[PDB]
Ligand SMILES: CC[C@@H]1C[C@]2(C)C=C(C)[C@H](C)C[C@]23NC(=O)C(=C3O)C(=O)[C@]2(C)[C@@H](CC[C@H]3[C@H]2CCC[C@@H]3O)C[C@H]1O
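Presented below, as structure tokens, is a lone chain in the form deposited without the ligand.
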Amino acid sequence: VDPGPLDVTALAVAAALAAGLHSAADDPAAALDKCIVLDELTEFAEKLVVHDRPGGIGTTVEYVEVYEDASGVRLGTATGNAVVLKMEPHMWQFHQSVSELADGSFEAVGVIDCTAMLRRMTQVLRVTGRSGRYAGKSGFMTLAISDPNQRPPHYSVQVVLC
């Protein structure tokens, strides 16, 4: 049960590569300054609405999550749905959210393995800018459970868009 995290630079390069810049793998440093980086965020459920389904598969969750920086001051919210695709022996979900910050907003899509996140694996979603500073940009977001014993769960988050 070993964490395997991903740092911002690494995530920034992947965002830059997926974006189209092959300059990225060569020059790690050059990626970041061009890219939009959000580090040291925590995300947690402010409100969850579960629509269960027999045995879990199809179960839908509408959520509103809050982004806190390193002081515990809100930076934005994420709003969206999660659908349960599998239960056993790993729980899997589909996620789609729109995150609104001061600067603007972006969208997040992905397929998360919850079970793996609880064994401290980092998970990834695709990010796409929607408005403001983020418009036209695209990226990735990493999700990591700080401590699996704590409920409600809290997540460490990074987002890079290029």
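Shifts are known only where both forms have a C-alpha. Between two forms, the rigid core is the largest collection of C-alphas that superpose within 1.5 Å. Numbering starts at 1 and runs along the sequence shown.
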Mean C-alpha B-factor higher for 143-151, or for 6-14? 143-151
Of 25-33 and 38-46, the stretch with the higher mean C-alpha B-factor in the deposited entry is 25-33
Have a look at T60, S131, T122, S97 and flag the one whose Cα has the highest B-factor in the entry. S131
Could you say which of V64, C114, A108, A70 has its CA atom at the highest B factor, as listed in the PDB entry? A70
Sorting the chain's CA B-factors, does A135 end up in the lowest, middle or highest third? middle
Hey, what third does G76 fall into on Cα B-factor, ranked over its chain? middle
Considering only modelled residues of the same chain, in which third does the CA B-factor of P54 rank: lowest, middle or highest? highest
Would the CA B-factor of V157 place it in the lowest, middle or highest third of its chain? lowest
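The discussion below concerns the form deposited with the ligand bound, not included here.
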Among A135, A102, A29, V50, just one has a heavy atom within 4.5 Å of the ligand in the entry with it bound, namely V50
Only hit among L41, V111, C114, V37 for heavy atom within 4.5 Å of the ligand in the entry with it bound is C114
Can you work out whether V124 and the ligand are in contact in the entry with it bound, taking contact to mean some heavy atom pair no more than 4.5 Å apart? no
Indicate whether the ligand has at least one heavy atom within 4.5 Å of a heavy atom of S131 in the entry with it bound. no
Check whether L17 has any heavy atom within 4.5 Å of a heavy atom of the ligand in the entry with it bound, and answer yes or no. no
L143 near the ligand in the entry with it bound, any heavy atom under 4.5 Å? yes
Any chance the CA of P148 moves 2 angstroms or more between this form and the one not shown, core superposed? yes
Can you confirm the direction of the Cα distance change for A70 and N149 in the entry with it bound, closer or farther than in this form, given it is 3 Å or more? closer
Against the displayed form, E88 vs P148 by Cα, in the entry with it bound, with 3 angstroms or more change: pair is farther
On a rigid core fit between this form and the one not shown, runs of three or more residues in which every CA shifts by 2 Å or more occupy 22-25, 147-151
